Number of protein chains: 4
Amino acid sequence: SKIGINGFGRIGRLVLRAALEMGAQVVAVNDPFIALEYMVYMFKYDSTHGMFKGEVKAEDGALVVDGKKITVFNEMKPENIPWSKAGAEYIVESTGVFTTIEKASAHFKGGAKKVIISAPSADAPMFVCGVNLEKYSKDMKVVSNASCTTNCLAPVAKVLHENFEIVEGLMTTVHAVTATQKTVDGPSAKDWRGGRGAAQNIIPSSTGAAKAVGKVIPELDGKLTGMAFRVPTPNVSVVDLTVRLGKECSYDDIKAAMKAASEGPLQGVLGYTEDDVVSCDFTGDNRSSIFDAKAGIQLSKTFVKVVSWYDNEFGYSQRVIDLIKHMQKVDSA
Amino acid sequence: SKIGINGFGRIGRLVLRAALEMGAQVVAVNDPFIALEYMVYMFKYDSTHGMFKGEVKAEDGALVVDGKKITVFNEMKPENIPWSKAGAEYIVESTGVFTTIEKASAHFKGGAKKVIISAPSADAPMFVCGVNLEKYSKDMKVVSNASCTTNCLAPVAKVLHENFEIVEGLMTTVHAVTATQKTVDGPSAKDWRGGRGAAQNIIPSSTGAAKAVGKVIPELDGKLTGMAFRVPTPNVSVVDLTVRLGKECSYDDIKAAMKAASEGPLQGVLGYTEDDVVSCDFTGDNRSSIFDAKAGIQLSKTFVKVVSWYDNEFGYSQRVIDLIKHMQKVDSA
Amino acid sequence: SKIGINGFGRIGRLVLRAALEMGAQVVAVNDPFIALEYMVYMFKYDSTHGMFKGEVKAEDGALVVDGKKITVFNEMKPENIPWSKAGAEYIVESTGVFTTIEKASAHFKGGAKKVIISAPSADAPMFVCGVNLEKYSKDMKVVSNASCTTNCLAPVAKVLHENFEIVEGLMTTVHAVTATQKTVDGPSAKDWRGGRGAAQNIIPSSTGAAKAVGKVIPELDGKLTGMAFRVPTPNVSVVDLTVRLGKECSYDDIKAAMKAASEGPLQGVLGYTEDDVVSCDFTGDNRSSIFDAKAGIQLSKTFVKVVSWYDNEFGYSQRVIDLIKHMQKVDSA
Amino acid sequence: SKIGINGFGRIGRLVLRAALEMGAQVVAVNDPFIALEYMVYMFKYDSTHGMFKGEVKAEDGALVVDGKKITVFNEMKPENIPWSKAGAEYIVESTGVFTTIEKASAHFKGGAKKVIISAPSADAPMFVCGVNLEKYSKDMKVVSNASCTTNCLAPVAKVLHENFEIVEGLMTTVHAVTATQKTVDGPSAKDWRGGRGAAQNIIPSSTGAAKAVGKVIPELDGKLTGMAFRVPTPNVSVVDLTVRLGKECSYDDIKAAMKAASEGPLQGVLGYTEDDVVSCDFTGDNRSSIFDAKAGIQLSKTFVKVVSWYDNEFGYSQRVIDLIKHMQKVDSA
Ligand SMILES: NC(=O)c1ccc[n+]([C@@H]2O[C@H](COP(=O)([O-])OP(=O)(O)OC[C@H]3O[C@@H](n4cnc5c(N)ncnc54)[C@H](O)[C@@H]3O)[C@@H](O)[C@H]2O)c1
Ligand SMILES: NC(=O)c1ccc[n+]([C@@H]2O[C@H](COP(=O)([O-])OP(=O)(O)OC[C@H]3O[C@@H](n4cnc5c(N)ncnc54)[C@H](O)[C@@H]3O)[C@@H](O)[C@H]2O)c1
Ligand SMILES: NC(=O)c1ccc[n+]([C@@H]2O[C@H](COP(=O)([O-])OP(=O)(O)OC[C@H]3O[C@@H](n4cnc5c(N)ncnc54)[C@H](O)[C@@H]3O)[C@@H](O)[C@H]2O)c1
Ligand SMILES: NC(=O)c1ccc[n+]([C@@H]2O[C@H](COP(=O)([O-])OP(=O)(O)OC[C@H]3O[C@@H](n4cnc5c(N)ncnc54)[C@H](O)[C@@H]3O)[C@@H](O)[C@H]2O)c1
């Protein structure tokens, strides 16, 4: 397994949690802003996901989580991380700042084998587990796991497209706050709305998902786009997809198609519920997309609104580990 | 004017604030749960809209707001409210619990002339200022001012339909919390999602707008429906309308048409902005619907997503005074 | 064990969770506002404490949780609950509405043996596990488990008093929202501040703890009082106790005394931490009181501020089960 | 007046709003992170205090607010700000990062006459209006207006000390979130509790007030200290002061003394209320400290808890204009 993590943030830390849950091996973490003793504290306590049940301590300049020793670096520059000292070969690139092939390829200076960007990439091939993993090939050295919204949207869009044909769709994500937002009104020069106080406001915003699903399901390129409203919750978001369909159908056919896929090819990626759920019901949910049967509405035989929940931190971090596992099987690693 | 208010809640008090701003005359308030000394405090201090600038005191069993004496009653059953005795003939029925014609008609027993339900009604004719006021018949004794969402959606839907034709549409409102929600998970037997802790959750809910807009614009009956997500903000909501249009157009045509209507026939009802606004920017906004030019997205020549803001408490309260003014002209009063 | 629960609210439901965790047996639940199918949903999903991991279903008009069948009643009046049909003998009185001996004794009409009020009582003897359980005697038929703040304060006050003498103290609880609070400004006639919108405000409020610790530790009667600020969090609260002490001491002596008690006589009731904890770190914490070593300040040898955390829902519900277990040992039941 | 603002943040902008209300003259603003077109948006729209009523536009490289041209600069290093060229001689240093005399003195390089740090200083003399302004020496080139908490605490502590003598006291401020807090758990290396998600948590923190009040009232040096809990509100905080008094008194004496000071020497600095107020009632409040008569508690003749509110953004911003006005009189300017 031999995973390294660059950026021990919300996703960096929860990928480490997901790796331990899945028996994957992380050997090295890099973050210039989080010293080793502070890394112990940040991994141990999580306001959203609860205290890590397990021993976490610093020992001999390494982070030790349940007996596994994780080498810690504190390099500002990715090209200076000595990944090969720790034996890290598959690097999770989770800073937010090194998303292109050019930028992510800095990790090959330290001896990394493969880099997985935990965000959309302008040029690295993008993957959503359950949707297009079979297009991965072992010569791809830098890949992307797309965004949390793309991972919720792409499963549901795949089911709708295979069964009924998406002629065109528009989506909204009602989206929890992230680390890029601000506690009170402050400077966000490249996104003025995103600078307004996160706890006070519904904030219109862009979404990664819009473009990205057109690269993940190329048949849908240019037939889907959408936007986000950031709202004052700390985690868990919901896709609200309005689609026009090519084939006439009832809402029962939509539900039966989603149910059948969640039991078979999309098992573990797409969930299905008919309960009266609210967003707190998905905190810590492992799935990429949970179809909410009761919340959706069909106006006519070809125009419908479908609602699907995702823990944007936790479900995504579990898919990073799923993607790395797939890549190492194909690579033989 | 000779307005009485039944139910001195969020809408009841802000209707009095709006009447004061618009020089309307409120002569009587009734609320069994809010004794006179408490009405002073409740009217003076408001967490969302700020302290009432001006004098509120109790004298002689009356609420005296800026010189005006308002007779206070504390009746549980509307039958027993002496409206006659205070001279209240136009009754704002803002309790939430007497919405049908037969239930609202109880105010006639104490000599009310007309009742205005401040919510959708199963059978009282619904009006939205700027959209269908000319349907108001002088012989209508119980009318409805529809919901906060219908008052936002109907202006924008009017413009789109007149210019481009709405073939079908689906709406979401991302809606602030209201008084029927719960601070922590508790019993809401008729709406199980709506009982979950309001501050913790994105909560799927129904919208009044779903029924009402096909009544207010009858040619759109059956062509439009939608749902709500309640999110943890205290006030100000946003309509997200995804429409399939009859006529090919660009997004510039949609903008130009909304700008022209806000300057002309829909002036004061529909507003227009191109600023990078967020929900807090509309707290205290007088308009029913404020079109957000920059947040909308056109996918194709006939498929588009339009975003409009509304202060669900305040814009609505001002519309209730507008409705009464219009009714009084038609009745001659 | 043979526990019945009256009021299946935040405390009613979490006492059921605590009973299952501790292997205690609940046989009957009464709530007139929550029908059986709705009880399934409310027990299964918890916005604060996460989904119940376990099977919950309605079967043959009973609630079935992990194989245990729990008879459900829906009586408005406590004297009409046929507790003996279900074999319920120890009743948790968790409505909030039947707190005196007179009111709580209604349950003896249905065949209850003992009633435990999950709130301060004006006359029923009040108990805090770890502090005064040894004053319980088997002839006491109605008892109280005091409030969540009293359960946090009393352990810490006991340690300080035994070691250093409390001459006098004043406390504040910075306290999460409860079900008595309101989503937006509405009527709370007996507590005007408590009616103001809970998510918008710091709200000064009274506390149960103030008086109650004087009944639980009678040596401290009249030497302690205090108040609450309700703040916009959904659970977890913190006591901030300013004490003048009879014996001169350093902060190290305070910490060593708290540490020694958390390892011995107060084990499981009083916790001890020296980490940089925040309130989310205590969600689901079992203890009544967790001393925060780093947050406290000693101004002089006899004047100090001590800070102690408590999950006001969860820690309290576990103490209800602890108190019932103690009572059945003393009663032989 | 000839005021320049360095750092157009929460305090920098509200200081300009306060200068406009008080007819002070701001001539220049500097912020490297906020370009002129963005300064218009940031000044016009405010989530906490509402939209600026009046004209804000950019013309010719200047910010024009109600007719006034303000020269805008975008310098990173204060040394390089041409204050001379705009005529700015009294500089509000509101960046948060140039708080020491030597760091603040950089503004003299571009011809500033005086600097006012809008935060406590390790060595610049601190002033609180109404408490120690007469200590201001004309030869003081760098002064401090202390923190929002010192400006609340010092007026109330002055009154108590003058009338009853403070023997020792311990304070807590329940403090709104600020810009140094984080929207979700993230790195705050110097304050680990302060990095945890602001909207989710009660967070123990330090207070500026702890140091500063013994400097502002030197006879209370060593007799007073305290701490903060940061809670999820956007603005408005509350001091909770527990004091041991030298002279026996009743709570009526404390009330009478606070009322007399707010009418006389501390008028406009200290306010007094007996209403059932909550934090939202003070948003936009001009005063430094508003004594809450009803929330305080006296335990004995010498031991009492006093509660005072403050709008930490707005009251403070107005005090900065007061301080500059006073300094200009003493300097003759
Ligand atoms: N938050 C979510 O729900 C979520 C989900 C999926 C994807 N993402 C994506 O993952 C990335 C990180 O997001 P996040 O939410 O974890 O943010 P975050 O701010 O919590 O984490 C970023 C981390 O990277 C560290 N860092 C910054 N510069 C570094 C550098 N030069 N070298 C190494 N480490 C550095 C920071 O200290 C921080 O700990 C982004 O691209 C984001 O869009 C976020
Ligand atoms: N809150 C909004 O944004 C909004 C906007 C538009 C319309 N409305 C509608 O207005 C109505 C009231 O809503 P609200 O937000 O003001 O709720 P609310 O709870 O604030 O007010 C309801 C008021 O009615 C009073 N009341 C209850 N029974 C009474 C009775 N028998 N007689 C007289 N008064 C009584 C209550 O004491 C309370 O003060 C609802 O139908 C709601 O759908 C609400
Ligand atoms: N919330 C906490 O942190 C906490 C902690 C300790 C103690 N308490 C106390 O426990 C009691 C309940 O508090 P809560 O937070 O669970 O409130 P809650 O509102 O969540 O629960 C009250 C429950 O009692 C039910 N009920 C009302 N009348 C009834 C009746 N006539 N018969 C039977 N059931 C009825 C309601 O439907 C509701 O489900 C109060 O006395 C409260 O002060 C609360
Ligand atoms: N927020 C409050 O309630 C409050 C009240 C009183 C005092 N203060 C103090 O005022 C100071 C600023 O606080 P704030 O709340 O306004 O924070 P903030 O983050 O809103 O504002 C800081 C501003 O300084 C700017 N800045 C950063 N570096 C700069 C530089 N090198 N030159 C010029 N400008 C630069 C930033 O762009 C930002 O706009 C702090 O010292 C704070 O403690 C805050």
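Cβ atoms here come from the backbone N, Cα and C positions, even for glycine.
Going by Swiss-Prot, these are the annotated features:
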{"type": "MOD_RES", "residues": "C:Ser1", "note": "N-acetylserine"}
{"type": "BINDING", "residues": "C:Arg10, C:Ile11, C:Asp31, C:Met76, C:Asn312", "note": "NAD(+) binding site"}
{"type": "BINDING", "residues": "C:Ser147, C:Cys148, C:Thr149, C:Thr178, C:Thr207, C:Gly208, C:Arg230", "note": "D-glyceraldehyde 3-phosphate binding site"}
{"type": "ACT_SITE", "residues": "C:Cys148", "note": "active site, nucleophile"}
{"type": "SITE", "residues": "C:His175", "note": "site 'Activates thiol group during catalysis'"}
Using the residues the record lists for D-glyceraldehyde 3-phosphate (C:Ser147, C:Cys148, C:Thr149, C:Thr178, C:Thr207, C:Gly208, C:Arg230), what whole-number Å value is the largest Cα to Cα distance? 15
Report the same-chain neighbours of C:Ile11 (NAD(+) binding site): residues 6+ apart in sequence with Cβ closer than 8 Å to its Cβ, ordered by sequence. C:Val92, C:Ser94, C:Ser118, C:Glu313, C:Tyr316, C:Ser317, C:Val320
So, three-state DSSP: helix, strand or coil for C:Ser147 (D-glyceraldehyde 3-phosphate binding site)? coil
Could you measure the widest C-alpha to C-alpha distance across C:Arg10, C:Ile11, C:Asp31, C:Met76, C:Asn312, the residues recorded as binding NAD(+), and give it to a whole number of angstrom? 27
So which other residues, same chain and not among C:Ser147, C:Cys148, C:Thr149, C:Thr178, C:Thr207, C:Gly208, C:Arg230, have a Cβ within 8 Å of the centroid of the Cβ atoms at the D-glyceraldehyde 3-phosphate site? C:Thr173, C:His175, C:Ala209, C:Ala228, C:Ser237, C:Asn312
Is any of C:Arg10, C:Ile11, C:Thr149, C:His175, C:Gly208 (recorded positions) within Cβ reach of ligand 3, i.e. under 6 A, and which? C:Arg10, C:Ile11
Kindly assign C:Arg230 (D-glyceraldehyde 3-phosphate binding site) to one of the three DSSP-derived states: helix, strand or coil. strand
Which of these recorded positions is closest to C:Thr207 (D-glyceraldehyde 3-phosphate binding site) if you go by CA atoms: C:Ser1, C:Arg10, C:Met76, C:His175, C:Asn312? C:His175
Near C:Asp31 (NAD(+) binding site) in space, meaning Cα within 10 angstroms, which of the recorded positions do we find among C:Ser147, C:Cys148, C:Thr149, C:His175, C:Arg230? none
Which ones, out of the binding-site residues C:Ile11, C:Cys148, C:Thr149, C:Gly208, C:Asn312, lie near enough to chain B that their C-beta is under 8 angstroms from one of its C-beta atoms? none
Top Cα neighbour of the residue listed as 'N-acetylserine' in the set of recorded positions C:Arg10, C:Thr149, C:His175, C:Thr178, C:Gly208: C:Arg10
Near C:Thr149 (D-glyceraldehyde 3-phosphate binding site) in space, meaning Cα within 10 angstroms, which of the recorded positions do we find among C:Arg10, C:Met76, C:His175? C:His175
Does DSSP give C:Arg10 (NAD(+) binding site) helix, strand or coil? helix
Given the binding-site residues C:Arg10, C:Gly208, C:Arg230, find the one whose Cα is closest in space to the Cα of C:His175 (site 'Activates thiol group during catalysis'). C:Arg230
Alpha-carbon distance [C:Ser147 (D-glyceraldehyde 3-phosphate binding site); C:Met76 (NAD(+) binding site)] in Å: 24
Minimum Cα separation from C:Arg10 (NAD(+) binding site), reported as the residue among binding-site residues C:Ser147, C:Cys148, C:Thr178, C:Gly208, C:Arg230 that achieves it: C:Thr178
Residue from C:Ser147, C:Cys148, C:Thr178, C:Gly208, C:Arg230 whose C-alpha is spatially nearest that of C:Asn312 (NAD(+) binding site), among the binding-site residues: C:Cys148
Where does C:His175 (site 'Activates thiol group during catalysis') sit in the DSSP three-state scheme? strand
Work through the recorded positions one by one (C:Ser1, C:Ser147, C:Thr149) and point out the residue whose CB has the fewest other CB atoms within 10 angstroms. C:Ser1
For C:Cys148 (D-glyceraldehyde 3-phosphate binding site), which residues of its chain lie six or more apart in sequence with Cβ-Cβ distance below 8 Å? C:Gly208, C:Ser237, C:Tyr310, C:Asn312, C:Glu313, C:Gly315, C:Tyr316
Select the most exposed residue of C:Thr178, C:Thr207, C:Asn312, where exposure means the fewest other Cβ atoms within 10 Å, treating these as the binding-site residues. C:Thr178
